[PDB]
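Just below is one structure, and these are the notes that go with it.
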Amino acid sequence: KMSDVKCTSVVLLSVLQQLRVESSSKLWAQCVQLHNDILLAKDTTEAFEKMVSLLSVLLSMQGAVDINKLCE
Amino acid sequence: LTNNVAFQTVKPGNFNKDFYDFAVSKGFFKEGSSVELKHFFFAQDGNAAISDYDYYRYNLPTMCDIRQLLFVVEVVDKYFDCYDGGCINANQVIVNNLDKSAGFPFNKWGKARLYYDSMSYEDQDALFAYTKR
Amino acid sequence: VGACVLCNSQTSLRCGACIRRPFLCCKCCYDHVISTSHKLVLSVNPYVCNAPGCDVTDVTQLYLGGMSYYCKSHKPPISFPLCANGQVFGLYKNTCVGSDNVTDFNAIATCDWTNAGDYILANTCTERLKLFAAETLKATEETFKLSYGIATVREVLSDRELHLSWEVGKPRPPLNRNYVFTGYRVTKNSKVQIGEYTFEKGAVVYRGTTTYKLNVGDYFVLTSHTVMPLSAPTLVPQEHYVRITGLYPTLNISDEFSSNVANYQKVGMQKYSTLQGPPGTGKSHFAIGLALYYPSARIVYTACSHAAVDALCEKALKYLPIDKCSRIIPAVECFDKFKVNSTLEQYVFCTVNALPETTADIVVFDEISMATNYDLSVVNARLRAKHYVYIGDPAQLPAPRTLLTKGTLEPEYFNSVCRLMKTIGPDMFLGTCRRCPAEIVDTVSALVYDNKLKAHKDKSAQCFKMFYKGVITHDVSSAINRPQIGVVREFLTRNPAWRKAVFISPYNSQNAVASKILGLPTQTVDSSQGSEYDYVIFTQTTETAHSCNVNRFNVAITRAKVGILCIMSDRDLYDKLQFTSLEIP
Amino acid sequence: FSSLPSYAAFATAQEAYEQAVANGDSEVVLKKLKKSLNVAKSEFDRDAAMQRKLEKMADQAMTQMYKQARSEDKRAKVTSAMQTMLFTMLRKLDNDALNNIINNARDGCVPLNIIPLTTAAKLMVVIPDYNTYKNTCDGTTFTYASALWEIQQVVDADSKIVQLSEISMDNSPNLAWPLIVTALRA
Amino acid sequence: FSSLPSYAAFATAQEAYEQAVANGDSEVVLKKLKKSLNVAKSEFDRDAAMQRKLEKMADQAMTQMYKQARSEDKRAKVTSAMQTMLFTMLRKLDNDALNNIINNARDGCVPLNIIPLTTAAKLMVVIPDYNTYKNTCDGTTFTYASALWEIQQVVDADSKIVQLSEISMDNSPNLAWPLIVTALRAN
Ligand SMILES: [Zn+2]
Ligand SMILES: [Zn+2]
Ligand SMILES: [Zn+2]
Ligand SMILES: [Zn+2]
């Protein structure tokens, strides 16, 4: 199941990078640190909270329309 | 050289979801498996290359034992006796890829192809003979 | 990859010399190249001979070989011609239907947009060809604007007066408000905008949106913008319902709004409704009336120009909650009493070229006579609504067609909405005119309104007409009738009360001369639409089709609320004018 | 290679040679019916060779091009495909801590900074109305990201402070509504 | 291949062939008739196979010398670019503070690394953290390379302007922190 977390972390960092996040140095540094550390985790009980911390980054902007894109 | 320093980042890398879904449907990547994902594309922040120069920091001036080094070089030279070598003219040079960068200055104007056409064989030979003195 | 404009068949072949680069199916593309001068074929790569130093660009001379396209001179031994067997080789070759007749598409894609026939084909062809015609006409106008030369400020003689040096080898655009320039400030290596400007003969009298202190170096060019592709039709399909759909009428309405209640219900009975509003009938009164009639409905107010939507906001501010209204402005001074750039607000006010992608219960089109099929298609691509309300008037002016030189554009060819209501009749009609006295109303009711326009006021006995040819003089891009102005001057001396009137004429040069001679405020008929004054003085100044435009003349003499004086050169319209005639002094 | 005219020529030659062989006519006459027969394959096994090469040029030309119509189209729609894939996998993950914030952010509640993992750091959240205030905050506690956070501060959008008991439903409009709330992980 | 002379010989031999074949004289007469065309089919062979294989080499020659001309134009373009780059970077040399230090050399040779140290008129320091900022670039004026420099501009990693009042100890965590401080050599 940890593979799912690592793959979705890869996808989340991809969309974050393409949302021009890397135009702010420190935010991109923290996101890169979280993404690199999630890929190296060995238990699912730390990857999940680092994953939620990394998702809180994208849930703070206003470039991703959320209600539309969770059309289910 | 410029009025501003440049910070270079590295991209996270793309995900091929269809292959992963196919593999998972085939009973791969379960818990307690001898095979698992360990190779990824790792991203970097702004200060990456200037952090790699602090690894060239590791080089130190070293004095070698000269007599042992001379004997060792004489012994090592015997592993390269079956080969042959020497200088060649500009006609005999074989270049693998001509679409690669030519360096610091010169990348602002073209690839290595441009500088190998422009100069004829005589110019290349003149440059090579200049480099010998 | 796209869709064939004549077949909807999937295709990748685009006519290369054809300006909008439309997708043409193999049979359609073959006919378009064989029946016109278009010989460039664009596909994923061009079907151009990739041999060095070759100029062969006609597909009927090209052969496919190896992995590329060659001319006959440069082709390899093994190949098959790209143009053979009544079709051009390309994507989606098997899936191809073709068309029986390609004449309309060829005519539109080959016309220079200088004949009324081009517009009649554009507004009478199929919906997809209608869209392509709109695209190519706007693109042609945009490129023609670039054909005009650069005008640079050589000397600033004074304020509101300049001296301009014009680019050599290029035509100078006509100097009227229909040609909106833009200044540019000279910098180290580039240029920066200094605002939008208009010009008129003096020296040249300039009127910029933002005042500045421009000096020698600034230059003016007519701003051009990228012409976007079209996908949505000019009109959504008609739907008729048995009940009001998606709307809830209020149970309490005021007598200011009772007359349109029946029309407000019909708006709910159909997918889209066409509304015709005579001068001073309450087009703003109606459209804002749909808002209070359906309080819970989300309504987007749209219009071609900034002026009309602001006037809608002005009437909306009078009747609608300021907190539920929003004025969308792109990144020109406009309405600034609503919150700016709030798409999700209940009441959204914005223009055609700046509308966001959103949905609404009702979408209101005002001033539809100045609307084109392009503006019709764009908003429908931007707004999806349960009900659609088009407000305008065929007897009023259209959007100017600069490229048009031959013939006159009838109202039923202005756009799709104008075509229906000129043929099938308007869905609703307000028969009450409140602004002009009966004599103007009766004159304009017979002329253009099928005698359907009723007056609210009585006869005012201040509507006066005179037949006077005078002497017509022409400058670079307009006309002047000084004796016609001189008659007005003599009229003012004998009737001093008429010096509160506003001078109107179909020519800007006539207004410029009359302003210095008479001192009255001056307005062109095109710019006078949407305004009103107590008294107006109208000088035809010519007998040309421009001056004799039955839509324009309807607009011209109907800006007066009490009285009017009309110095006429055309006998036909003079006889139609039910005013009290005079003898020439 | 059947719909060609020199196919009819080859068929006529084959019929003539079949008649010659079945009849046993002569020695030079059947050589004439094999003279103009083996040549009939020299303008058949040739003209049916360039064209047969032409066809495979076609099927594979139509291929180096669908995959460019495809390559140049796929790199022109990245920004929506990546996002939809992200949310599909996120929904497939089915984790409560992620789902809580997903729903909070879809309706009203977005944080103003990275949610901290340590038990000390500060968290600032935006509450748009009172309805979400009921679901998330109950008294002096704040349940968010499947964790407990004690409120230390709530201030309205006009940067004015507000207390933790006034907030109710009778001062419903007597509160500015984009409340912001500061909390500390318990 | 139609305007070749052998086409006429082939055509006339074939015309005589069909004429006498319709006439049908005899084998003793048609022997020469069907041998002349058999050698005419051999002539047109030769010369038509001596021609269509030269159109390939001529085309190849045209393409090759097209390519060589293209290369020779690109060479001139790159030559002009290199020369103008040299000439525009020479004009920043500050040819008065460099001449003095060169003239003091015994032979005229001076190490390269001391040319910007004693001649350049702009200094750009890169600062990783506030503590390193305190010991090196403190205040509006500092000293380095046995000279006195005065601060004019400070930017962060995002290349946005930072005032000298914002660089404190407690406010440091709110800054992108490869700070680039540029200054001019004061006199
Ligand atoms: Zn050597
Ligand atoms: Zn075309
Ligand atoms: Zn077609
Ligand atoms: Zn060619």
Take the residues in region C:456-491 that are assigned to a loop (DSSP other than H, G, I, E, B) and in contact with a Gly (Cβ under 9 Å, 6 or more places away or on another chain), then tell me which one is nearest to C:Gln510 (Cα to Cα). C:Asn481
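I'm trying to understand the selection: among the residues of region C:171-204, which are charged (D, E, K, R) and within 16 Å of C:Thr402 (Cβ to Cβ)? Break it down into steps so the answer makes sense when it comes.
To start, the set of residues in region C:171-204 that are charged (D, E, K, R) comprises C:172, C:177, C:185, C:188, C:191, C:196, C:200-201.
C:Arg172, C:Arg177, listed by residue number.
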Here is a list of conditions, (1) away from ligand 3 (no atom under 13 Å from the Cβ); (2) closer than 18 Å to C:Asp100 by Cβ, and C:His32 meets all of them except one; can you say which number that is? (1)
In region C:147-158, the residues that are closer than 12 Å to C:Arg172 by Cα and loosely packed, with under 12 Cβ neighbours inside 10 Å: C:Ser147
Counting only residues that are crowded, with 20+ Cβ neighbours inside 10 Å, of a type in the set (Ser, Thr, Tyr) and outside any helix (DSSP H, G or I), how many does region C:335-370 have? 2
Give region E:126-155 a look and list any residue that's in contact with a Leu (Cβ under 6 Å, 6 or more places away or on another chain) and outside any strand (DSSP E or B), or say none. E:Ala145
Is it fair to say C:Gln87 is buried (at least 16 other Cβ atoms within 10 Å of the Cβ), more than 14 Å from chain E (Cβ to nearest Cβ), out of contact with any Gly (no Cβ under 9 Å at 6 or more places or on another chain) and of a type outside the set (A, V, I, L, M, F, W, C)? no
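Does at least one position in region C:70-77 carry a residue that is in a loop (DSSP other than H, G, I, E, B), away from chain E (no Cβ under 14 Å) and within 16 Å of ligand 4 (Cβ to nearest atom)? Spell out the reasoning first.
First, the residues of region C:70-77 that are in a loop (DSSP other than H, G, I, E, B): C:72-77.
Those left that are additionally away from chain E (no Cβ under 14 Å): none.
No; the residues of region C:70-77 include none that is in a loop (DSSP other than H, G, I, E, B), away from chain E (no Cβ under 14 Å) and within 16 Å of ligand 4 (Cβ to nearest atom).
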Restricting to region C:40-68, name every residue that is of a type outside the set (A, V, I, L, M), more than 14 Å from ligand 4 (Cβ to nearest atom) and crowded, with 16+ Cβ neighbours inside 10 Å. C:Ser43
I need the full set of residues from region C:98-152 which are in a helix (DSSP H, G or I), of a type in the set (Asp, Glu) and more than 16 Å from ligand 3 (Cβ to nearest atom), in order please. C:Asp118, C:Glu135, C:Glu141, C:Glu142
Identify all residues within region D:106-131 that are farther than 20 Å from A:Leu27 by Cα and either within 14 Å of chain A (Cβ to nearest Cβ) or touching a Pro at 6+ places or on another chain (Cβ under 6 Å) (or both); write none if there are none. D:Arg106, D:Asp107, D:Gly108, D:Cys109, D:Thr119, D:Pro128
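Would you mind finding the one in D:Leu123, D:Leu175 that is part of a strand (DSSP E or B) and surrounded by 12 or more Cβ atoms within 10 Å (Cβ to Cβ)?
Working: D:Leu175 fails: part of a strand (DSSP E or B).
Among D:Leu123, D:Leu175, only D:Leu123 is part of a strand (DSSP E or B) and surrounded by 12 or more Cβ atoms within 10 Å (Cβ to Cβ).
Hey, can you tell me all the residues within region C:42-62 that are among the aliphatic types (A, V, I, L, M) and either away from every other protein chain (no Cβ under 14 Å) or away from ligand 3 (no atom under 16 Å from the Cβ) (or both)?
Narrowing region C:42-62 to residues among the aliphatic types (A, V, I, L, M): C:42, C:44, C:48, C:51, C:56, C:59, C:62.
The answer is C:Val44, C:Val48, C:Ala51, C:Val56, C:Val59, C:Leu62.
Going by what's in this entry, would B:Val35 be described as more than 8 Å from chain A (Cβ to nearest Cβ) and touching a strand residue (DSSP E or B) at 6+ places or on another chain (Cβ under 6 Å)? Can you show your working first?
Numbers: more than 8 Å from chain A (Cβ to nearest Cβ): yes; touching a strand residue (DSSP E or B) at 6+ places or on another chain (Cβ under 6 Å): no.
For B:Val35, the condition - more than 8 Å from chain A (Cβ to nearest Cβ) and touching a strand residue (DSSP E or B) at 6+ places or on another chain (Cβ under 6 Å) - is not met.
Considering only region C:37-69, state which residues are within 16 Å of ligand 2 (Cβ to nearest atom) and outside any loop (DSSP other than H, G, I, E, B).
Residues of region C:37-69 within 16 Å of ligand 2 (Cβ to nearest atom): C:37-43, C:46-47, C:57-60.
Scanning region C:37-69 gives C:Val41, C:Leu42, C:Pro46, C:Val59, C:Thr60.
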Those residues of region C:164-205 that are part of a strand (DSSP E or B) and at negative phi come to a total of 21
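Mind counting the residues in region C:1-27 that are assigned to a helix (DSSP H, G or I) and either within 14 Å of chain D (Cβ to nearest Cβ) or within 10 Å of ligand 2 (Cβ to nearest atom) (or both)? Even if it seems obvious, please write down each step before you answer.
Let us first name the residues in region C:1-27 that are assigned to a helix (DSSP H, G or I), namely C:26-27.
Right, trim to either within 14 Å of chain D (Cβ to nearest Cβ) or within 10 Å of ligand 2 (Cβ to nearest atom) (or both) and you get C:26.
Total meeting the criteria: 1.
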Log entry, pairs with first residue in region A:58-71 being assigned to a loop (DSSP other than H, G, I, E, B), second being among the basic types (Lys, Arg), beta carbons closer than 8 Å, six or more apart or on different chains, reads A:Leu70/D:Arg91; A:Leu70/D:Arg106
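Yes or no, residue by residue, for (1) more than 7 Å from every other protein chain (Cβ to nearest Cβ); (2) farther than 18 Å from B:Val10 by Cα:
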residue	(1), (2)
A:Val5	yes, yes
A:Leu12	no, no
A:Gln18	no, no
A:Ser24	no, no
A:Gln33	yes, no
A:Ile38	yes, no
A:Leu59	no, yes
A:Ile67	no, yes
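Looking at this structure, is C:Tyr533 in contact with a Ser or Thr (Cβ under 9 Å, 6 or more places away or on another chain) and not small (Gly, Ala, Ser)? It would help to see each step written out before you state the result.
Details: in contact with a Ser or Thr (Cβ under 9 Å, 6 or more places away or on another chain): no; not small (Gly, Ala, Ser): yes.
No: the conditions fail for C:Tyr533.
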Criterion first (away from ligand 2 (no atom under 16 Å from the Cβ), touching a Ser or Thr at 6+ places or on another chain (Cβ under 7 Å) and more than 14 Å from chain D (Cβ to nearest Cβ)) does C:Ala134 satisfy it? no
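May I ask you to say which residue of B:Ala43, B:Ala23, B:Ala90 is surrounded by 10 or more Cβ atoms within 10 Å (Cβ to Cβ), of a type outside the set (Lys, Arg), more than 14 Å from chain E (Cβ to nearest Cβ) and touching a strand residue (DSSP E or B) at 6+ places or on another chain (Cβ under 9 Å)? Explain how you work it out, then say what you get.
Details: B:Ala23 fails: touching a strand residue (DSSP E or B) at 6+ places or on another chain (Cβ under 9 Å); B:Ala90 fails: touching a strand residue (DSSP E or B) at 6+ places or on another chain (Cβ under 9 Å).
Selected residue: B:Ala43, the only one of B:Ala43, B:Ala23, B:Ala90 that is surrounded by 10 or more Cβ atoms within 10 Å (Cβ to Cβ), of a type outside the set (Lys, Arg), more than 14 Å from chain E (Cβ to nearest Cβ) and touching a strand residue (DSSP E or B) at 6+ places or on another chain (Cβ under 9 Å).
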Filter region D:137-172 down to the residues that are more than 17 Å from D:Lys122 (Cα to Cα) and in contact with a helix residue (DSSP H, G or I) (Cβ under 8 Å, 6 or more places away or on another chain), then identify the one that is surrounded by the fewest Cβ atoms within 10 Å (Cβ to Cβ). D:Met169
Index of the failed condition, C:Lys72 passing every other in (1) of a type in the set (D, E, K, R); (2) surrounded by fewer than 20 Cβ atoms within 10 Å (Cβ to Cβ); (3) away from ligand 2 (no atom under 13 Å from the Cβ); (4) closer than 24 Å to D:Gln68 by Cα: (4)
From the options E:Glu72, E:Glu18, E:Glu43, residue that is farther than 24 Å from E:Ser3 by Cα and either of a type in the set (D, E, K, R) or assigned to a helix (DSSP H, G or I) (or both): E:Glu72
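As a convention, Cβ positions derive from the backbone with ideal geometry for all residues, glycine included, and neighbour counts pool all protein chains shown. Coordinate-derived values only; no laboratory data.
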